[PDB]
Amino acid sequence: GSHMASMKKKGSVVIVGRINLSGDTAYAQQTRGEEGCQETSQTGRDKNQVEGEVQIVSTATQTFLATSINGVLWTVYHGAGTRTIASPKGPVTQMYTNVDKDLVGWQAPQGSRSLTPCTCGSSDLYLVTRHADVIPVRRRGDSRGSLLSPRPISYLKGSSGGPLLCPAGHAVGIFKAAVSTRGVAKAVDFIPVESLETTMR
């Protein structure tokens, strides 16, 4: 048995900022502070204006990224689980959930802009991090790329759910995991955009 009246609900994922890629300079903007984020996670009611393609999102314990592609805001299952996302009308249920792909998605919030999937086949990629660094990555397989400049794994913490882009700024993948050796990230693992496209039909 258990006491049902005291069973808690998981909070919603909350948009707390964005990585601004609109100009000549990439930079992180915060749109909600910690107290606001906590309240909004509980109510699921977020009246803030959303802008841009890459959102900074938070659960109760973690902060990471979510990326709009083709009208869906995507992130990683290992970060978001099955959580709703906060919105002006209250919590919004996931439109896609796939633990096997490590992928989730919600309808893209009004005001967001979407990336278009890459069609050029370029293996010269750019990873956008949660601190708005744009890091060159050479594609090494369907779901792997090598960092041109290896970094401590700390550099990539919080970037899960962010985009890998081709030279034309189209979406190639969603960053999911670092391949690390003695704390140094030499490569990255990602969910290829073709996998998102199959999920969408």
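Residue numbers run from 1 along the displayed sequence.
As recorded in the PDB entry, 21-29 is the stretch of 21-29 and 185-193 with the greater mean C-alpha temperature factor. Looking at mean Cα B-factors across 69-77 and 108-116, the upper value is held by 108-116. When the C-alpha B factors of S58, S146, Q55, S154 are read from the deposited coordinates, the top value falls at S154. When the CA B factors of the chain's modelled residues are split into thirds, the value for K47 lands in the highest one. Per the PDB record, residue ranking by Cα B-factor puts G141 in the lowest third of the chain. The deposited CA B-factor of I135 belongs to the highest third of values across its chain. In the PDB entry, a CA B factor belonging to the highest third of its chain's modelled residues is recorded for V179. Per-chain ranking of the deposited C-alpha B factor places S87 in the middle third.
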